[PDB]
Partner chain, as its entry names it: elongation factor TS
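Quick setup: one chain, the form deposited without its partner chain, written in structure tokens, and binding and motion questions come after.
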């Protein structure tokens, strides 16, 4: 069964955990599986992703045709970090909005971040409908939500909004539980089949390079995505002028392979290239699938003095190291209009211009370092140049 990654996003107290509990419980009694209690999910453990600590609960549940890996976090902070660092990626998100209070600041920001980090589909769940009988009222809250989604480029008009009560569903009210089954139905239908990494174009971040007489140059690394097969044309992108060559062998500790697949640590033989022509930070790519760039717009989270970050703010003029895959690249920071200084612990949008071109695309994550110390983490919101 396909595997989809989703999670609940939304303002605090709007019911993200009761809903997550309700979902696992109702799908378990209906389609089979195991229910998770609210307390267990509420008590989220901490995980250290990219030096940052984040509280994240992971649950799993099944619908007759799919398997879901679901994340739920205690606070807004955990969502900002988790989304920017790419700790728990989502093929789709379930926006939980309380019908009693309507959209709030964190609701708008999670939608904001959702777009920036690249969450492709959002399904809305109008929670707490057991407290609101007023049909016209419920409709207003629905209009607000639809337009908020549209502001941030999500198709609010086609967005599936499901009305329900996560508390009553969990409670065991057969009428409300059906609303969960309705939501699960939308998960299965609205969110399309996600692409497996192996289906994505070949991409290998160059880790190290060696040379063998007659056989040529071997560049090693872990295949990020796709598959490289012996005898096919491959490009060396980033750092310098985009080169091109041909794979002539794939090795794995002496063992010769016909191809190298995603997740595998291999060594690829390149015919027509010398070690000297291979700089640090370059990636082997399927011809014409990735391009080097220098300018890009991003979303960044600056660690707090406590997380091991700076104790002092930085200003427009900060020139840090941007660590991409295998190397640091210095660049210049362009802050948002009206921005003054960026305090440790802040998350903002900044336009970066790298000194040397790096093969990148939307969603590429990076760390902002000062010497050896990680000072931030970011994601390429969109390539500018």
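Numbering follows the first chain given and starts at 1. Heads up, when I say rigid core I mean the largest set of C-alphas that superpose within 1.5 Å between the two forms.
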| property | result |
| --- | --- |
| Unmodelled residue 45 in at least one third of other entries with both flanks present | yes |
| Cross-entry absence of residue 355, a third or more of other PDB entries | no |
| Residue stretch of maximal mean CA temperature factor, 366-374 vs 6-14 | 366-374 |
| Stretch with the greater mean C-alpha B-factor as recorded in the entry, comparing 30-38 against 336-344 | 336-344 |
| From 102, 185, 214, 164, residue of greatest CA B-factor | 214 |
| Out of 231, 120, 74, 205, residue topping the C-alpha B-factor column of the entry | 231 |
| Residue 271 CA temperature factor, ranked by third within the chain | highest |
| Residue 355 - which third its CA temperature factor falls in, relative to the rest of the chain | highest |
| Entry-reported Cα temperature factor of residue 81, expressed as the chain third it lands in | lowest |
| Among modelled residues of the same chain, the CA temperature factor third for residue 319 | highest |
| Relative C-alpha B-factor of residue 139, binned into the chain's lowest, middle or highest third | middle |
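Just so you know, the form solved in complex with its partner chain exists too; it's not on screen, but the next bit is about it.
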| property | result |
| --- | --- |
| Per-stretch contact check against its partner chain in the deposited complex, the hit in 210-218, 167-175, 192-200, 263-271 (non-hydrogen atom, 4.5 angstroms) | 167-175 |
| Complete contact of 8, 58 and 113 with its partner chain in the deposited complex (any heavy atom, 4.5 Å) | yes |
| Position in contact with its partner chain when the complex is considered in the deposited complex, options 231, 288, 105, 155, heavy atoms within 4.5 Å | 105 |
| Contact residue in the deposited complex, from 275, 76, 222, 244 (heavy atom within 4.5 Å of its partner chain) | 76 |
| Contact test in the deposited complex: residue 302 vs its partner chain, heavy atoms, 4.5 Å | no |
| Close approach of residue 89 to its partner chain in the deposited complex, 4.5 Å, heavy atom | no |
| Contact test in the deposited complex: residue 334 vs its partner chain, heavy atoms, 4.5 Å | no |
| 4.5 Å heavy atom contact, residue 140 to its partner chain in the deposited complex | yes |
| Contacts with its partner chain in the deposited complex - residues in 315-340 whose heavy atoms fall within 4.5 Å | 315, 340 |
| Candidates 293, 225, 286, 128 - which moves between the shown form and the other one, C-alpha at least 2 Å, core fixed | 128 |
| Core-superposed C-alpha of residue 260 shifting 2 Å or more between the shown form and the other one | no |
| Is_shifted residue 200 between the shown form and the other one (CA, 2 Å cut-off, rigid core) | no |
| Core-aligned CA displacement of residue 69 at least 2 Å between the shown form and the other one | yes |
